[PDB]
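Single chain ahead, written as structure tokens, the form deposited in one PDB entry.
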């Protein structure tokens, strides 16, 4: 017929060829964009003389381009929201002047309803659930019921059973429909008939199904939403599905790519948080004996550990790592150690912050006692004072000694289990595994809430580790790399029979890349960026976290005594993915057995004293220097606890 009808038919053909799963997602977006080019080009030449069929076609094309746009992390893409808004406006204009048959009305109302479903899922404030319910009722009373040949009708029925109305006359078609997936059947059994058994095996079938679906596919978000729905009204079924969704998420977030598939598809902090909740409340129930409850706290420990840092673990290579750093800034890119294998006299403290529950967690493990325990605490005022110190230190470096005192004093007040004998007994070495907020906190300098409370390093040996898989199961020489001015930091450390292999004065970046696995001692300046571009002020520009990952292949197994200013606290104040991006972390990642990195700005004398500590190649050094005088002189507390022990022996 007219050019309008021909172009509409072409758009329909393209939308059909892009909707089916047979079309690869690589060449799926382009087809939708081409069809929508045709549709909007047709619309631009006739603003109001346009038929309702073209309006509903444009709405469907906008829906299709919206569903193929996937969430990019903690923030929903704005192209998806714009596509939904345009589609809903176009379908509203279609139904305002509808001039079609009954089938056309059915299709228009179905498209509008599914667009409203996705818009409510994305932006609930604009399209509230009451108007969504009204639109869904108007759609279903107009014939939007066919579940055998229209999956959108299945979505509408599921949303209705969410909303709180009965469909006893539709379950027969809902369950026998081939298009319905495991989640649709689970919703049908849980809401239509208020059953829990058939819902349970269909639910476990869904759990098994998630083991192969990528983290980008919407079924993960649907499952998490359904778990929250089961959590809203107290149910006994969300425990098991939380556990199995956790298991599937672990087995799946091991095959995705770090380059362009992990920053913005691991949006499942809620999932791990609520799996932690499920395990905790299962362990909260009374048990006949301490043999399973004591073992569920270990499961809590793996809940905490499996989410912290997976980007760093799997870190030419330079091009891929440059792609990674580009993708960090929201730009465009073109075995594991057993937790029970801990040396004697060592206690490991795992950490997790629950965003859903609003409380923190702490999992300990006394190797001698073989005991796992958990305690709760708040993390809001801690975040307050952490940001306070970080801001007042960025503005005024050394003047933030008072804020170090305040933060470390209130850490013990809000975290009293650190000094508790039952939680962490005296004497045993403590290894910390923080979660996205406590990494930057100097937990080794935590001050007990007492009248004259001492430190944590005073009565324990602290060691930091970004995760648990970092720990894993040489030459006796020593090397020194110095790039300070030849006016200070000389003493006898420059020439005290260090080593003829690679000890240098005014060293360059290339020198650090040619070492023979020695306990490298490094005394230069670092800056810290914001990304993980925290440079080290070697000659010829300097070596960066990028360069440390790419080039340094000689410091494997070394005990680095790196004393550069602002090394351990390189990562910014706010968290993104619970990944620690310090220079000391980089050295630990490339294969070092331990790094005493400096958190904030340090001084030459302190670095020399740490270097002079050649008793055995720390904490006792911190005790001797005057780290216990935080209440007598905050300035000397500023320059002492900056050095922290990173690594596991």
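The term rigid core refers to the most C-alpha atoms you can superpose between the two forms while keeping them within 1.5 Å. Numbering follows the first chain given and starts at 1.
Absent from the display: the form deposited in another entry. The rest refers to it.
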item: Entry of 354, 120, 509, 177 that shows, once the rigid core is matched between this form and the one not shown, a C-alpha shift of 2 Å or more; value: 509
item: Threshold 2 Å Cα movement between this form and the one not shown at residue 305, rigid core reference; value: no
item: Large Cα shift (2 Å or above) at residue 484 between this form and the one not shown, core-fitted; value: yes
item: Residue 267 C-alpha relocation of at least 2 Å between this form and the one not shown, rigid core basis; value: yes
item: Sense of the change in Cα distance from residue 229 to residue 265 in that other deposited form - at least 3 Å versus the shown form; value: closer
item: Pairwise C-alpha change, residue 443 versus residue 568, in that other deposited form against this form - closer or farther, 3 angstroms or more; value: farther
